[PDB]
Protein chains: 2
Amino acid sequence: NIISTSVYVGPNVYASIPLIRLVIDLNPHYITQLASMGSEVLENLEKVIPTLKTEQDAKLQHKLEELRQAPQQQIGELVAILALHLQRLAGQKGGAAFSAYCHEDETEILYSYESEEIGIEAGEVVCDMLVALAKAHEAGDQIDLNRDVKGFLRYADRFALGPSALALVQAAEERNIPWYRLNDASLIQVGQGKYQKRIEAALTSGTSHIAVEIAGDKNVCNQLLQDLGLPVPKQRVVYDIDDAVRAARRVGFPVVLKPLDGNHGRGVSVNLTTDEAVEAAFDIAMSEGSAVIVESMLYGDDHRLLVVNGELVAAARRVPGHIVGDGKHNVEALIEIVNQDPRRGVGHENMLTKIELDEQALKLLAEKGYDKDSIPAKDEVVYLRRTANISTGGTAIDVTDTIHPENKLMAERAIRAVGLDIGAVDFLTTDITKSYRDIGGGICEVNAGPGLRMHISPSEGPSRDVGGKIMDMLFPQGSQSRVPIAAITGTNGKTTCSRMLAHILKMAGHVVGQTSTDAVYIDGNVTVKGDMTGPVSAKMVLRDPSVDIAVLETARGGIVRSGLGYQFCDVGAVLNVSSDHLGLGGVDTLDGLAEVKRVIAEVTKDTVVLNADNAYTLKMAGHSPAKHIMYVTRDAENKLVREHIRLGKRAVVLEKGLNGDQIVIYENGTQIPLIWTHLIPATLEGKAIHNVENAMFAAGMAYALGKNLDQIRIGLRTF
Amino acid sequence: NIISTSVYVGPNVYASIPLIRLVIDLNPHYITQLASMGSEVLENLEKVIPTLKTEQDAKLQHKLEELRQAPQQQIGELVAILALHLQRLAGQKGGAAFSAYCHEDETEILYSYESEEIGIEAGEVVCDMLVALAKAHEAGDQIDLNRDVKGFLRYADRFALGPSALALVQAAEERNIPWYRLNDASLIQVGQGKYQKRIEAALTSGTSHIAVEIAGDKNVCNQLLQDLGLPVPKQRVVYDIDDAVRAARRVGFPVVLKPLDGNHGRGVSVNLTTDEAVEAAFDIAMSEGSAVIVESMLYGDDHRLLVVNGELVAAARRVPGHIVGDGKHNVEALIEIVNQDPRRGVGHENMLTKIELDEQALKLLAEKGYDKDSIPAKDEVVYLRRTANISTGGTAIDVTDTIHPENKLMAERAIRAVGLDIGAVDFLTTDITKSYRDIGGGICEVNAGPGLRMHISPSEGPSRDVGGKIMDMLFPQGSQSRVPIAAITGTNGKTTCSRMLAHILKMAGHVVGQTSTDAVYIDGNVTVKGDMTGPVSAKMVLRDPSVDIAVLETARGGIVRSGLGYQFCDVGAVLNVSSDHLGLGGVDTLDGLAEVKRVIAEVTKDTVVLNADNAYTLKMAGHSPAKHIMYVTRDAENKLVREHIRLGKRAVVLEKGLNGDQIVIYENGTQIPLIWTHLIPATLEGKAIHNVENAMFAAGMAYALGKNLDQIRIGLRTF
Ligand SMILES: Nc1ncnc2c1ncn2[C@@H]1O[C@H](COP(=O)(O)OP(=O)(O)OP(=O)(O)O)[C@@H](O)[C@H]1O
Ligand SMILES: Nc1ncnc2c1ncn2[C@@H]1O[C@H](COP(=O)(O)OP(=O)(O)OP(=O)(O)O)[C@@H](O)[C@H]1O
């Protein structure tokens, strides 16, 4: 039903938001189609996309669809209402949607959603559901619409960060810091230039290539681990199968044949104690033809000790699925019983696997002497899995709190020898609460950068905030700057005010960047110039690993089409944007332009500097979250000084006196003269209009950014 | 000829050194075989292993083989003389060799060589050359012996660090810091625990896994590079060949088909401007079936800008081999002429390739209209290579000094966006001295971690110390500790003196490690115990990334078999080692034991603490490089106080007085009482002998390591 698309990357319309433009082909629309579309249009939506429920918490700012059924669907608005909930079904985040009806026979839906990759399409599924339902033979809910829904969800998953990365994303958001998808797939960037880090789940910018390659190199790790005195099996001396038999003789006959390379499943042979057992196993386990290492067998369960900043933050005991007898039920009946655990299944909530008597389970129960219908002795255990897994597993039943301090220390040491920040040592033991002295080669692998899917939200015991523990050593409370100060002016004197502010901040000693449609400027030089519509100039400054302050300087053309390239700022300014000429088209008087200028004022949180001589800019003070206002006036006689400063607010006032033409910053109970117009090259020799307000605004911006007077006067005089 | 082997890892015999034990099967040895063995035995050695030359600089401490010919070869000694030179031929480093003749009919060769992997075997080749020559029909030099030599050299190369790593090794040695082969192959560790880094040529511990994976990911790099505003071709939008033709249409028809994945050679199609040209090229260039990316063609030569710590340290212009006409010679004749360049060939010195009119060259000369026998116009150029290479190339003719500052800046920015410390930006341009504004997409690849074989020792222009520039940002002069203080006592009170010293250093605030045959102790805990013969206890402490001071504590059994696990120390000590019991066997009086104790005294460079009551330990002062001596005496009446301290030397003297039994450290012009024996638990309540000298020695060691008196008294009292 969709004809055209656009996206606001910034808050042109309150927050970043995609726009869907649709046309009604179904001229005899919902208002004249209620025979085949009664209450069931809503009931059908509840089943086709089962997030579209009568849930009071489902972004229900306005409870409208339940009052409309078919006669008043107002499909353009209904698509906006139903849009985003499909994305919630896919595990995506988003907000409200609104004001979809526009021109006759057309819709422009504004709906708030975090990702562009599946943007619009979610509304495609929704608008087609509503029209397709009308265009159907009273066919019910999941006519064919459930196909489109599942397809969408798969795509939404395709472009999603995995759960191990989402753990860090949520942890970043909860510490109030921004992030980006940086490398596609699961890698994100947290923070902005100068302070930012590229991180991917259990992988950080602090961990080197060498440490990771070492971690992958099992032969190297075993030697490095031995060099620490760790409790390791060592014995990595056998390549392939050493022509058979000899390979076990060299490490001791009771061996395990560990699969290597790409063997996905576990082509592992176990408990082989004779020449025949190993000779047969060697060419079975090495099913890849060249992917086996021969090690002696040690006994213990499968533990994982996840260490981040030295500290053990999580642990797991990846016990393979099994059954324990209750004294009455047989092996097969127990499987049916195990599968009644409400946490098992597929989709959301169901994080555990199911047990079936498949070939792996069958070989194991056969090894134990079972034909499936017999009854295990009470408390007898038969394993139906060889080890771990997430989809065929999901077991995670360990603790970090009862583990003997020395086992924790040996795991830390293993990680340090490699040089990793994050890893979960693969540790085998019969008793994790005893020291390593009784654990026969418990450390087997360093396991660098484990999926957190195996630690977060465990099957037993308390959970641990693995996401937060990782973020704590990346963006600690000990370092408060994660972002540059956002200090952005409006669609104004981007070629003069901007120079004065950049000079102030550079002379102050900050690295400052801006792009006044010209090549992007970082400190003393530039790169790319162009149609700086918003997101380009912003990422070119914000992601540049040098910048302390982001000024950017916006433009009206960019904003009306894309919004801002950033979502909010701390500091900003609005100077007059109207003149008797073309602005944005439309009205270009007070109106039209009022909407573009408010984009900066309403997103500024601390100090917005407003032009006090513009009666139609003054109104921004009634909307902006910023409270200082810093009214700037070229008229010493005004009301917004005495009825403003006197009440604790700020202003920049041009006045004449002992200091010639001077610009004075007023604040609460005092006032301090800063510059002469007579001394600023931008304003010639004084007695001039052009760039006087630009100098006043640069000073106002400087106030907000930490005026110390002396370096500001230098920056203002510099030009 | 070799029967048995052993190796000293430390200076049991002056420096670390392998030992070869050989037997003479050739009873009618060299002295009775001169008819078939005249001057030519030496002349033959000069040709079989052509490092065995009459070179005055060839470790020629003693010019002996030239005076011996056959009648006095003294083969056990001659093998020691000739050994190591084979290793020099392989590009290996080593020293002197000596004292090979031992028991009748047997040899024990001591020869100094850096690696164990090809140790002994080099002497195997040599001892067999000498015997095999005698056992031959006056057969000359390279009978079959040259086979064994070439085999050896190939093995020596197999276990060698590559030239790009050797660049860092030599740079590390020239800054006086130790290193180890850590990960086999080319990776080394420079420095010791607490200060050490794992580095591999153009790869350091400071560069993360994420930065390297990004560098390898060409699609990601092009987007990250575009986000900086770099002069890049971008256009990484085509997967495979996009079903043919369309792929070029999408980027512009004038395209280059760049090979991907494992394509070793250059399956690149160029200058394709039509539908037919690209359709044909697409299935030719993608010879792997799935390894092509389609990009538009940009013009320029192949430049590499190697950046390490921001700074451009080297550059190369990898101009493919070509010929330029001189107005007289044809293409084929010019090839013969080019190949007369003395730098071209194989082996040592010959670092450039040779030109042949092979298929690559032939296609290129055919494209230019040549049949090989025609004459190019003067200064006309025909390329006989598509690009670069080391073995089929070796061209490196750029500079770093004339490159326009902005091209250097764009290369730095490319490296930073990825997050690498080291890389050589792959930059295309027609003129590197002009800014990027005129270079049509010059940055193509980040090229992380390049072989230095393409930058070090260039074919034209000045060389640059790429090795040193890398070491400068790893082990800068701004950080002087690269190693722990080596503070090692002799085969003494390893269970008491050692505790007192460890307590002193821990109470002082240093992390100290030691292994008194017991489990290795690092700070407050331990791991592995065992036959601590030298190298194990040393690497267990020295490579442990926490330790500031390495005490170790040695033992006589370990030293007589392996030497020390370290090569030298700053501080050390010798207490009495003899008693009326078994020591090392042999003599066990003054002798036998004198040789094991001198191992510590003679490798101590600053302060060695000697026992002044032992007339047969005093003699160590005449051999040790250490000059303070710190004579320790339990007898207030001695001569080695008044004739020692008075002359500027140090001592620890036990004396009786106002402070009961006290231990006083004397130094040059003063003396300061430190402890009472009455207050040290090790010495009971005073009026005791056991551990008094151990306390005195711990205090002597503390002196050398920075006594501040107060934390030393605490460490001495602690026990
Ligand atoms: N000496 C040993 N004794 C007992 N079991 C061993 C021994 N060596 C290896 N194993 C088993 O082999 C398993 C290795 O499985 P594999 O490496 O294929 O799993 P994966 O899915 O690749 O994950 P990971 O590498 O983290 O184990 C260990 O988890 C352990 O159960
Ligand atoms: N747009 C282009 N215009 C001209 N030549 C190009 C273009 N893109 C790639 N090339 C050529 O393709 C070459 C790439 O060769 P290839 O990547 O196979 O070499 P390599 O041996 O793997 O080393 P490297 O990756 O460092 O280039 C570049 O060196 C350059 O000569």
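In this view, residue numbering begins from 1 on each chain in the order the sequence is written and may differ from the entry, while residues that lack coordinates are not shown. To label them, take the chains in the order written and letter them from A, then take the ligands in the order written and number them from 1. Calculated side-chain values reflect all of the structure's heavy atoms, with hydrogen atoms and water omitted.

Caption draft 1: Main features of the site of ligand 1. All names here are of chain A. Not every one of the 13 residues close to ligand 1 is listed here, only the nearest: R266, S296, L298, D302 and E445. Any pair of nitrogen or oxygen atoms within 3.5 Å is treated as a polar contact; in protein, a donor-acceptor pairing is required on top of that, and neighbouring residues in sequence qualify only through side-chain atoms on both sides. Within the side chain of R266, an N or O atom sits 3.0 Å from an oxygen atom of ligand 1. When ligand 1 sits alone it has 620 Å² of accessible area, and the protein chains cover 76% of it. A single heavy atom is enough: if one lies within 4 Å of a molecule or strand, its residue is considered near that molecule or strand. Computed with the Shrake-Rupley method and a 1.4 Å probe, the accessible areas treat only the protein chains shown as cover for residues.

Caption draft 2: Fine view of the domain arrangement of chain A. Residue and element names in this part refer to chain A. The domain boundaries here were taken from an automatic or database domain assignment. Taken domain by domain, chain A consists of domain 1 (2-158), domain 2 (163-209), domain 3 (234-296) and domain 4 (485-717). Each of domain 2 and domain 4 was reduced to a C-alpha centroid, and the two centroids are 32 Å apart. In this analysis, two residues are considered to be in contact whenever any of their non-hydrogen atoms come within 4.5 Å of each other. On the domain 4 side, the residues contacting the nine residues of domain 2 number seven residues. When two parts are brought into contact, each loses some accessible area as probed by a 1.4 Å sphere; the total of that loss over both is the buried area. For the pairing of domain 2 and domain 4, the buried interface totals around 620 Å² over both sides, and the portion due to carbon and sulfur atoms is 42%. Looking at the side of domain 2 facing domain 4, the largest losses of area belong to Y180, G193 and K194, adding up to 56% of the total buried there. The term salt bridge refers to a side-chain nitrogen of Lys or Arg lying within 4 Å of a carboxyl oxygen of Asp or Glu. On inspection of domain 2 and its partner domain 4, the count reaches one salt bridge. Our count for the contact surface shared by domain 2 and domain 4 stands at four residue pairs in polar contact. Among the residues forming the side of domain 2 that touches domain 4, the class breakdown is three nonpolar, four polar and two charged. Classification convention: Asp, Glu, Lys, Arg as charged; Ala, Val, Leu, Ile, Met, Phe, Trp, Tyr, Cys, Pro as nonpolar; all other residues, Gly among them, as polar.

Caption draft 3: Focus on the interface of chain A and chain B. Facing 39 residues of chain A, the contacting portion of chain B comprises 38 residues. In total, chain A and chain B occlude about 3000 Å² of area from one another, counting both sides; carbon and sulfur atoms represent 54% of this. Of all residues in chain A, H209, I210 and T527 of chain A bury the most surface against chain B, accounting for 21% of the area lost on that side. Applying the counting rule to chain A against chain B returns six salt bridges. Residues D544 of chain B and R413 of chain A are paired through a salt bridge, measuring 2.9 Å at the closest nitrogen-oxygen approach. At the boundary of chain A with chain B, the tally comes to 20 residue pairs in polar contact. Counting from the N terminus, the helices are the DSSP runs of H or I reaching at least four residues and the strands are the DSSP runs of E reaching at least two. Among the secondary structure elements, those contributing two or more residues to the side of chain A that touches chain B are β7 (197-199), α7 (209-216), α8 (218-226), α13 (405-418), β21 (525-526) and α16 (535-542) of chain A. Per-element tally for the side of chain A that touches chain B: the top contributor is α13 of chain A, with six residues. Tallied by class, residues from the side of chain A that touches chain B come to 18 nonpolar, 11 polar and 10 charged.

Caption draft 4: Broad picture of unusual backbone geometry. Positioned with a positive phi, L684 of chain A is a non-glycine residue whose angle comes to about 60 degrees. Look at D243 of chain B: it is not a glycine, yet its phi comes out positive at around 65 degrees. Tracing the backbone through its elements, the reader meets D243 of chain B in the loop between β8 (238-239) and α9 (246-249). The rule is simple: take the accessible area with a 1.4 Å probe, protein chains only, and divide by the maximum for that residue type; under 20% is buried, over 50% is exposed, in between is partly exposed. Look at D243 of chain B and you get exposed, because its relative accessible area is 66%.

Caption draft 5: Quick peek at the site of ligand 2. Residues and elements named next belong to chain B. As a matter of local geometry, ligand 2 sits amid 13 residues, with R266, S296, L298, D302 and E445 nearest to it. One of the side-chain N or O atoms of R266 is found 3.0 Å from an oxygen atom in ligand 2. A distance of 3.1 Å is found between an oxygen atom of ligand 2 and a side-chain nitrogen or oxygen belonging to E445. Expressed as a share of its isolated accessible area of 610 Å², the protein-covered part of ligand 2 is 76%.

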